[PDB]
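First up is the structure itself, then whatever we jot down about it.
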Amino acid sequence: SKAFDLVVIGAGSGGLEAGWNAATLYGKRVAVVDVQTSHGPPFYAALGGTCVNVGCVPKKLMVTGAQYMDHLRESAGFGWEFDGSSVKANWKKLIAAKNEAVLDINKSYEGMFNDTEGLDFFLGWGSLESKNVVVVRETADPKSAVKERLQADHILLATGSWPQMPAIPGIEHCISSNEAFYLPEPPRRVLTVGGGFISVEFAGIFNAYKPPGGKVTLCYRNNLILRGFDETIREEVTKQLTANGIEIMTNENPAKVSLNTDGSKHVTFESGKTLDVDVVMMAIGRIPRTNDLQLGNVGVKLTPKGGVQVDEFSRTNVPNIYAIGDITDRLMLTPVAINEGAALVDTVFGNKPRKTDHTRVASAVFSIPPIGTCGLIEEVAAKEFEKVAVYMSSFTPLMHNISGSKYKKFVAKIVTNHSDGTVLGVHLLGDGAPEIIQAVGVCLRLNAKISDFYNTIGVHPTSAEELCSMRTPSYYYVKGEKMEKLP
Amino acid sequence: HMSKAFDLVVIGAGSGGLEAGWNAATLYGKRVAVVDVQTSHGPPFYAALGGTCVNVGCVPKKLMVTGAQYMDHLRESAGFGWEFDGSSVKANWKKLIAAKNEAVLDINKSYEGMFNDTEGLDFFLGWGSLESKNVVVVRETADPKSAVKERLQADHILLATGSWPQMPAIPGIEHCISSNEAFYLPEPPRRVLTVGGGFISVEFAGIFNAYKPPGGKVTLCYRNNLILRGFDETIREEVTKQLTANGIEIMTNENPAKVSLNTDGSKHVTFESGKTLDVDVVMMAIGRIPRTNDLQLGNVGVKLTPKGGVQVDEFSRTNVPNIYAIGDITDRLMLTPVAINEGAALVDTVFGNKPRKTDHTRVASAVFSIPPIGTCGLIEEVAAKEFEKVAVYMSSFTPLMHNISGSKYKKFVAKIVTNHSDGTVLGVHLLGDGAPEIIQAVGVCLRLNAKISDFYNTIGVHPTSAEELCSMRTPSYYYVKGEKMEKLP
Ligand SMILES: Cc1cc2nc3c(=O)[nH]c(=O)nc-3n(C[C@H](O)[C@H](O)[C@H](O)COP(=O)(O)OP(=O)(O)OC[C@H]3O[C@@H](n4cnc5c(N)ncnc54)[C@H](O)[C@@H]3O)c2cc1C
Ligand SMILES: Cc1cc2nc3c(=O)[nH]c(=O)nc-3n(C[C@H](O)[C@H](O)[C@H](O)COP(=O)(O)OP(=O)(O)OC[C@H]3O[C@@H](n4cnc5c(N)ncnc54)[C@H](O)[C@@H]3O)c2cc1C
Ligand SMILES: [Br-]
Ligand SMILES: [Br-]
Ligand SMILES: [Br-]
Ligand code: NA
């Protein structure tokens with residue numbers, strides 16, 4: 001039995017930021033619990049969190065790998081010649097390189113714990129025994145053997161989220177992104193289920209690494225993928241994914257999955273349509289990971305949606321117990337979880353309360369081609385402001401007229417409060433969009449106006465300079481209604 | 001045949017001249033004439049309708065750098081599992097140039113159509129010069145004795161003829177080319193010396209290095225100790241290493257003294273040190289000078305600076321009331337978006353009743369080296385001369401993807417330079433893939449007087465290189481009244 005200022009359940013993005021800051025900045029005594037010291041089966045996430053182990057870090061590596069299918073083809077337009085029939089994509093090599101990079105990060109976090117005063121790692125499953133006692137056990141079963149009892153002045157819940165699996169017959173024959181990271185072979189035919197960024201990103205990954213004769217299908221239960229993103233970009237990325245060979249089935253939803261005699265999967269949709277694939281990857285959502293924590297022992301209140309309820313300072317209803325990151329079911333992004341954890345520790349252990357700003361958070365989708373975005377989409381702005389202007393620029397860049405990928409239109413949109421020119425949102429589709437958007441996130445914190453963008457001198461030639469060339473709105477929303485001219 | 005009269009006559013249909021001309025005609029209803037020497041790209045005069053950027057500048061060079069980047073992509077693809085017959089790879093320079101030529105010519109034709117279509121915006125082909133305060137003469141050649149094609153009466157005259165490569169007066173200079181000729185080489189050189197330490201030499205070194213035939217070698221020489229003067233010194237040193245790591249030989253403290261032809265027709269370069277180098281092409285890229293000689297400025301008394309540019313005030317006005325100058329002819333910042341900004345500001349002031357001067361500070365710009373540079377604002381040694389206390393925030397590391405690609409020499413560098421007395425960001429300097437795209441919105445930030453805390457409070461986009469700009473809270477080191485030191489005293 002051991003005594004700590006702060007015990008963190010979950011060695012993830014937010015949990016490690018909070019623990020390291022509490023220990024090194026404020027000299028506190030910190031314990032951090034996670035169920036696994038390195039990535040992969042059986043529990044997938046591990047020391048470092050979901051992003052490090054089965055998330056942003058490995059998927060970005062795999063999307064980078066998938067982009068070479070485009071680079072090799074497009075090199076031809078610039079004079080590069082080689083034997084195209086000799087090209088093959090070695091998925092096993094990709095997975096091995098990704099595994100080595102992730103494991104290196106796991107080991108680095110191990111040394112961090114070993115090297116840092118007041119920062120201790122405990123392996124196992126943490127749950128709430130009492131208001132000031134975290135118990136660590138051998139498995140997720142609350143009856144498994146106690147390994148540690150950690151008394152804590154402060155408890156931080158930071159267990160992240162988990163893939164949501166729909167309650168359909170045969171759901172057990174589907175995988176999630178967790179298993180996709182470790183497939184022994186690239187699937188020849190795969191269905192990715194869902195319209196969100198994980199489904200879209202993995203569609204592009206599988207599309208590049210598929211063996212000859214392969215086919216990637218993405219299905220989504222409503223009419224247009226990537227809800228919550230700019231509508232122009234949702235339509236365009238649909239078009240550009242299709243142009244690269246991915247089939248988009250909208251208004252379709254699996255009703256059941258069954259096993260074929262050859263090991264493949266027979267999917268039946270609610271519409272009656274059927275599809276045989278080697279892999280069905282469910283990517284319909286991620287839900288807060290709250291079940292193993294025994295929040296009923298202490299009475300931590302959940303929201304109707306299942307997140308741990310928190311105030312703006314990450315405090316639960318139970319004094320001394322806090323929650324940050326995906327478990328609060330708000331913005332499920334690693335930099336947000338990090339920011340929340342740092343704000344929390346500054347509030348609790350320093351003399352300055354700090355709350356995370358969840359507006360104007362820049363983010364990206366590493367689709368091929370990718371999305372970068374920060375701030376409000378125009379239909380959300382139109383409900384908040386009487387007068388909204390949308391500035392739009394959309395064209396295929398010169399290099400893709402030469403590369404032969406003429407379908408790769410770059411889209412740049414700026415959404416303003418037309419009453420005073422304030423930029424409310426910026427939405428980008430095309431090569432470089434995640435890099436372009438970062439400093440736009442800084443601009444939105446300086447209450448940048450559209451005229452601040454267009455009076456800035458461009459860097460030429462770039463895609464980004466499009467953001468500084470838009471003077472005249474393409475159209476407007478007045479009292480919520482879209483119109484080409486002001487009334 | 002009668003002369004034609006205009007509110008504004010623009011000499012030079014380039015980046016700045018076309019912005020001014022189009023804006024005056026379409027925004028303010030003025031009658032505009034624009035003069036250029038050629039309607040499409042290439043020899044004999046290289047620049048043409050559209051300007052130096054369009055024809056023999058930013059636009060073609062970026063396409064060629066993009067082509068050159070595939071040498072890296074093809075090799076780096078193997079770390080991610082891509083397999084193909086490496087022995088079959090060839091870089092076909094003739095296809096690259098043919099593709100570039102067709103793209104540039106498409107732009108030429110579209111500008112041709114703009115003039116045909118637009119009321120009050122007329123194009124005249126030939127060589128423009130100043131005869132008097134209100135008459136521009138258009139002649140068949142740069143020779144002021146050549147035949148007169150038109151006389152253009154002008155209430156206002158805009159000088160926007162750009163710049164031209166400078167060639168040193170060494171024996172055998174006739175055996176050398178400039179970037180103009182580089183854009184049209186029939187074959188890629190097996191061995192090439194690029195002379196100069198500035199961005200054009202560095203960028204062409206990268207292009208030639210990727211398209212060189214078997215057994216080729218690219219050498220860049222520079223007469224001083226470190227290439228890319230004016231850029232961040234950490235980045236100057238790193239780009240030197242990364243060019244070297246991709247097989248480019250960088251000769252610093254070396255300068256050609258003479259060039260002669262070997263008996264096989266290759267170029268024998270003797271440096272001032274007595275070193276010798278045999279190459280197939282010597283490309284001089286030691287500077288560009290403003291194109292003033294052919295304008296006959298003596299006819300009206302337009303003053304030049306000691307340097308040679310047309311002297312202008314902050315509003316682009318020469319010492320002659322109704323004669324203005326913008327762009328490279330003013331021999332200042334030679335960048336296409338600065339020329340465009342100056343043109344638009346001038347026209348808003350003269351014809352729009354909305355006076356405006358171009359801000360020449362905090363201009364974002366790029367070098368399309370491999371890998372590239374993006375920068376905006378002051379380098380730290382300049383800031384330390386002006387500010388009592390300067391802080392430097394610095395992140396440098398090989399990104400994870402290049403530990404898998406095999407190009408471990410590709411360190412990404414991000415530096416923020418601040419006035420530490422109040423946190424204001426004075427400059428941001430980037431080296432690495434995507435740096436020119438990242439830096440653009442940084443330029444908007446500096447125009448808004450962003451402080452380091454504005455960057456640090458912004459939540460990162462992960463995983464990106466750009467997010468390093470939003471993760472730096474503690475200075476790596478300082479300058480205190482000019483003196484570099486890890487810690488404040
Ligand atoms: C495929 C995929 C791709 C993503 N890509 C991106 C991206 O590009 N950018 C981005 O910003 N975000 C991305 N995300 C989201 C990002 O991964 C999460 O937002 C982030 O990891 C959440 O941080 P956190 O601190 O809430 O928890 P996590 O980082 O998930 O860490 C929670 C930890 O808790 C441990 N744990 C759980 N229960 C217990 C328990 N009872 N006891 C002990 N330990 C426990 C888990 O093992 C895990 O290590 C991606 C997610 C996925 C699934
Ligand atoms: C190799 C190279 C690469 C470059 N890359 C970049 C880059 O990536 N980014 C960037 O921002 N800048 C770049 N530049 C610089 C950019 O090209 C110039 O800054 C910009 O074009 C200058 O614009 P301007 O309006 O001053 O003149 P220009 O665009 O040069 O136009 C001047 C025009 O005047 C014409 N002309 C000259 N004399 C006469 C006359 N007597 N009568 C009639 N017409 C005449 C010329 O034919 C020419 O078309 C590059 C330059 C070079 C050489
Ligand atoms: Br929808
Ligand atoms: Br060739
Ligand atoms: Br700060
Ligand atoms: Na769905």
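Going by the structure tokens order, chains are called A, B, ..., each with residues numbered from 1, while ligands are numbered from 1 in the order shown.
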
Quiz item: range 117-327 of chain A: which residues are helix (DSSP H, G or I) by DSSP, as an MDAnalysis selection string?
Solution: chainID A and resid 171:173 177:180 197:209 231:243 291:293 295:297 325:327

Exercise. Show me which bits of chain B are within 6 Å of chain A, counting only C-alpha atoms, as number ranges by chain.
Key: B: 67, 80-85, 88-92, 95-96, 337, 364-365, 437-438, 441-442, 444-445, 455, 458, 460-461, 466

Quiz item: Can you list, as a VMD selection string, every protein, DNA or RNA residue that comes within 9 Å of residue 325 in chain B when you count only C-alpha atoms, leaving out same-chain residues fewer than 4 positions away?
Solution: chain B and resid 157 to 161 310 to 312 316 to 318 329 to 330 342 to 343

Exercise. Kindly provide, as a PyMOL selection string, all nucleotide and amino acid residues lying within 10 Å of ligand 6, counting only C-alpha atoms and all ligand atoms.
Key: chain A and resi 166+192-196+199+218-222+225+250-254+282-285

Quiz item: Between B:99, B:370, B:154, B:250, which one has atoms that come closest to residue 130 in chain B, using only C-alpha atoms?
Solution: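 Ranking B:99, B:370, B:154, B:250 by distance to residue 130 in chain B, first place goes to B:154.
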
Quiz prompt | Distance of CA of residue 361 in chain B from CA of residue 234 in chain B, expressed in Å to one decimal place | solution = 21.4 Å

Exercise. List all protein, DNA and RNA residues that have at least one atom no more than 12 Å from any atom of ligand 5, counting only C-alpha atoms and all ligand atoms, and write them as number ranges by chain.
Key: B: 393, 418, 420, 422-425, 450-458, 469-475

For N, CA, C and O atoms, I'd like the residues from the last selection saved as an mmCIF file, in the first residue's frame.
data_model
loop_
_atom_site.group_PDB
_atom_site.id
_atom_site.type_symbol
_atom_site.label_atom_id
_atom_site.label_comp_id
_atom_site.auth_asym_id
_atom_site.auth_seq_id
_atom_site.Cartn_x
_atom_site.Cartn_y
_atom_site.Cartn_z
ATOM 1 N N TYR B 393 13.619 30.025 -29.713
ATOM 2 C CA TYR B 393 13.009 28.733 -29.430
ATOM 3 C C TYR B 393 13.313 27.835 -30.610
ATOM 4 O O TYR B 393 13.081 28.229 -31.753
ATOM 5 N N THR B 418 12.074 35.778 -30.848
ATOM 6 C CA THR B 418 11.177 36.712 -30.185
ATOM 7 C C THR B 418 11.944 37.892 -29.609
ATOM 8 O O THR B 418 13.150 37.823 -29.353
ATOM 9 N N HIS B 420 12.210 39.145 -26.356
ATOM 10 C CA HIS B 420 11.889 38.510 -25.079
ATOM 11 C C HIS B 420 11.305 39.489 -24.073
ATOM 12 O O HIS B 420 10.723 39.054 -23.072
ATOM 13 N N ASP B 422 8.730 41.378 -24.463
ATOM 14 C CA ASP B 422 7.275 41.327 -24.494
ATOM 15 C C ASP B 422 6.714 40.117 -25.238
ATOM 16 O O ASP B 422 5.494 40.048 -25.424
ATOM 17 N N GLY B 423 7.557 39.185 -25.692
ATOM 18 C CA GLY B 423 7.114 37.964 -26.340
ATOM 19 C C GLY B 423 6.792 38.060 -27.822
ATOM 20 O O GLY B 423 6.474 37.031 -28.431
ATOM 21 N N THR B 424 6.865 39.244 -28.428
ATOM 22 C CA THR B 424 6.483 39.376 -29.830
ATOM 23 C C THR B 424 7.355 38.496 -30.719
ATOM 24 O O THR B 424 8.580 38.482 -30.586
ATOM 25 N N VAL B 425 6.724 37.770 -31.638
ATOM 26 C CA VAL B 425 7.464 36.948 -32.588
ATOM 27 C C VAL B 425 8.044 37.843 -33.675
ATOM 28 O O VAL B 425 7.305 38.511 -34.410
ATOM 29 N N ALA B 450 1.554 38.570 -33.392
ATOM 30 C CA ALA B 450 1.487 37.407 -32.523
ATOM 31 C C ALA B 450 2.689 37.362 -31.586
ATOM 32 O O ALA B 450 3.799 37.783 -31.934
ATOM 33 N N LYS B 451 2.446 36.868 -30.376
ATOM 34 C CA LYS B 451 3.475 36.621 -29.380
ATOM 35 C C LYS B 451 3.701 35.122 -29.264
ATOM 36 O O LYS B 451 2.903 34.320 -29.752
ATOM 37 N N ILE B 452 4.810 34.745 -28.618
ATOM 38 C CA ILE B 452 5.126 33.322 -28.465
ATOM 39 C C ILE B 452 4.005 32.600 -27.723
ATOM 40 O O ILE B 452 3.701 31.438 -28.020
ATOM 41 N N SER B 453 3.342 33.282 -26.776
ATOM 42 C CA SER B 453 2.251 32.639 -26.045
ATOM 43 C C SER B 453 1.044 32.375 -26.942
ATOM 44 O O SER B 453 0.282 31.441 -26.681
ATOM 45 N N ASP B 454 0.847 33.184 -27.985
ATOM 46 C CA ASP B 454 -0.231 32.905 -28.928
ATOM 47 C C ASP B 454 0.029 31.606 -29.673
ATOM 48 O O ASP B 454 -0.896 30.811 -29.895
ATOM 49 N N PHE B 455 1.288 31.363 -30.046
ATOM 50 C CA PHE B 455 1.645 30.074 -30.631
ATOM 51 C C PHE B 455 1.490 28.952 -29.617
ATOM 52 O O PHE B 455 0.893 27.914 -29.917
ATOM 53 N N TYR B 456 1.996 29.149 -28.395
ATOM 54 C CA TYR B 456 2.042 28.026 -27.468
ATOM 55 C C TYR B 456 0.654 27.650 -26.974
ATOM 56 O O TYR B 456 0.416 26.479 -26.653
ATOM 57 N N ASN B 457 -0.268 28.619 -26.908
ATOM 58 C CA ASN B 457 -1.637 28.351 -26.469
ATOM 59 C C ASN B 457 -2.465 27.657 -27.531
ATOM 60 O O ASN B 457 -3.511 27.088 -27.202
ATOM 61 N N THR B 458 -2.042 27.725 -28.791
ATOM 62 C CA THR B 458 -2.757 27.058 -29.867
ATOM 63 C C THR B 458 -2.539 25.557 -29.787
ATOM 64 O O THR B 458 -1.406 25.086 -29.658
ATOM 65 N N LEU B 469 5.714 24.227 -33.885
ATOM 66 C CA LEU B 469 5.601 25.671 -33.679
ATOM 67 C C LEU B 469 4.693 26.024 -32.518
ATOM 68 O O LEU B 469 4.730 27.161 -32.035
ATOM 69 N N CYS B 470 3.859 25.090 -32.078
ATOM 70 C CA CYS B 470 2.877 25.347 -31.040
ATOM 71 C C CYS B 470 3.208 24.605 -29.752
ATOM 72 O O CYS B 470 2.377 24.547 -28.843
ATOM 73 N N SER B 471 4.412 24.045 -29.662
ATOM 74 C CA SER B 471 4.841 23.237 -28.532
ATOM 75 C C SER B 471 6.087 23.801 -27.873
ATOM 76 O O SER B 471 6.743 23.084 -27.113
ATOM 77 N N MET B 472 6.461 25.042 -28.170
ATOM 78 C CA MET B 472 7.701 25.605 -27.649
ATOM 79 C C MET B 472 7.370 26.702 -26.649
ATOM 80 O O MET B 472 6.811 27.745 -27.013
ATOM 81 N N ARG B 473 7.724 26.453 -25.385
ATOM 82 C CA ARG B 473 7.452 27.358 -24.280
ATOM 83 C C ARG B 473 8.715 27.923 -23.634
ATOM 84 O O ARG B 473 8.656 29.022 -23.070
ATOM 85 N N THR B 474 9.857 27.245 -23.742
ATOM 86 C CA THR B 474 11.069 27.703 -23.074
ATOM 87 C C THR B 474 12.167 28.005 -24.083
ATOM 88 O O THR B 474 12.484 27.144 -24.915
ATOM 89 N N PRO B 475 12.796 29.183 -24.024
ATOM 90 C CA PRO B 475 13.864 29.491 -24.979
ATOM 91 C C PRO B 475 14.983 28.473 -24.923
ATOM 92 O O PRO B 475 15.348 27.971 -23.859
#

Quiz prompt | Straight-line distance linking atom 45 (C, counted along the ligand's line) of ligand 2 with CA of residue 37 in chain B, stated in Å to one decimal | solution =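 Taking atom 45 (C, counted along the ligand's line) of ligand 2 and CA of residue 37 in chain B, their separation equals 5.5 Å.
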